[PDB]
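As a starting point, one isolated chain is supplied in structure tokens, in the form deposited in one PDB entry.
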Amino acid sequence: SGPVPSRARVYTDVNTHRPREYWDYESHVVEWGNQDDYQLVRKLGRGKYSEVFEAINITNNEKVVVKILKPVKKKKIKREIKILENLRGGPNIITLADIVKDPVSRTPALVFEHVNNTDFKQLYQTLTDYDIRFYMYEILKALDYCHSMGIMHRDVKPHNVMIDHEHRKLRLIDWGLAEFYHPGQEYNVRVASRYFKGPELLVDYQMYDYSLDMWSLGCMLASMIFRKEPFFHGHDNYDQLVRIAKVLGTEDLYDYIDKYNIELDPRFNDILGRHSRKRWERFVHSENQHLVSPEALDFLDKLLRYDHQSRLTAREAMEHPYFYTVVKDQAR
């Protein structure tokens, strides 16, 4: 007997009710702009999948960001484009402005709205309790939206959160790993950065859903309030689950494994050991106590659960007491 199937608790059938063109990205036809509308100004960074530039649209003098893609399978470019187009205009989702073909490498380039990013070295030095609650709530808006639109981001981490702090403006970026959720579909578990991988990825449980993003969000929250980056600091994918188990305990892990009849890689036998579930107080000290509260710890505990089905949804997270003062402030 194999693993027990699983279904998302919410937004389970949203893609089923769509025309197939919404989610059948392999059949998407790309609408191309004119690369001659743009001039590159300077390089902002480079990754395994792209090089990123600041640019100017010389037809309207607008600043934009240009992501020149490295060679990748055409269906993965179509996937990112289709998801960006489907989510465009949603709260705190980066806006795809144009798609052009780089004359040099003949590769596609995505053109995004510019965000005046805040120097985060200063941001983290003066970060307040209220700042963290406010921006977490802004991220939850983007996640509830994309989940409600049938999409898992699958790469939630601080690097993919742009913040213009002067204007309290936040954007969730890099949708190149995002996928459409379909009930019963088995997904690739080699997604997300190591430190933010959910337990379902680490034990190779492929029938996962939106709740994967909620684990990653809990990892980000823990690093913020405890000022410990990364929070779960594994040496490799195997050790990453050991680091989680030393905090969440091994009992709930084996309860999770048994519930879904997951066949655990035999490497884990001699490294997981036996660990109690720790109390969050052991990460609190004089340098982070101003960011930690009973509300923050209650919220954090309800995100970081082995069982993906028992994690808060994005909308449930937004209703947590941790956000009460943010919610009433936004009512104005």
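Basically, rigid core = biggest C-alpha set you can superpose within 1.5 Å across the two forms. Note that residue numbering follows the sequence shown and begins at 1.
In what follows, reference is made to the form deposited with a partner chain bound, a form of this protein that is not presented.
Self-check item: Non-hydrogen atom within 4.5 Å of the partner chain in the entry with it bound for each of 49, 197 and 206
Solution: Yes, the whole candidate spot contacts the partner chain.
Practice problem: Answer with one of 260, 231, 187, 137: the residue that has a non-hydrogen atom within 4.5 Å of the partner chain in the entry with it bound. | Solution: The option sitting close enough to the partner is 187.
Practice problem: Report the residue, out of 250, 148, 193, 118, that has at least one non-hydrogen atom within 4.5 angstroms of the partner chain in the entry with it bound. | Solution: Contact check passes for 193.
Quiz item: Heavy atom to heavy atom, is residue 307 within 4.5 Å of the partner chain in the entry with it bound?
Solution: It does not: once the partner chain is placed as it appears in the entry with it bound, residue 307 has no heavy atom within 4.5 Å of it.
Quiz item: Applying a 4.5 Å heavy atom distance criterion, does residue 154 contact the partner chain in the entry with it bound?
Solution: Heavy-atom contact with the partner chain at 4.5 Å: present for residue 154.
Quiz prompt | residue 290: touches the partner chain in the entry with it bound, heavy atom cutoff 4.5 angstroms | solution = No - in the entry with it bound, heavy atoms of residue 290 and the partner chain never come within 4.5 Å of each other.
Quiz prompt | Residue contact check: residue 265 to the partner chain in the entry with it bound, 4.5 Å heavy atom | solution = So residue 265 counts as contacting the partner chain.
Quiz prompt | Which of 155-163, 251-259, 217-225, 140-148 lines the interface with the partner chain in the entry with it bound (heavy atom within 4.5 Å) | solution = Careful reading of the contacts points to 155-163.
Practice problem: Please look at 206, 118, 193, 95 and say which one has a C-alpha shift reaching 2 Å or more between the shown form and the other one, core superposed. | Solution: Looking at each option in turn, only one qualifies, and it is 118.
Quiz item: If you line up the core, does residue 265 shift 2 angstroms or more at its C-alpha between the shown form and the other one?
Solution: The answer is yes, as the C-alpha of residue 265 shifts between the shown form and the other one by 2 Å or more after core alignment.
Quiz item: Does the C-alpha of residue 106 move 2 Å or more between the shown form and the other one once the rigid core is lined up?
Solution: Shift of 2 Å or more: yes.
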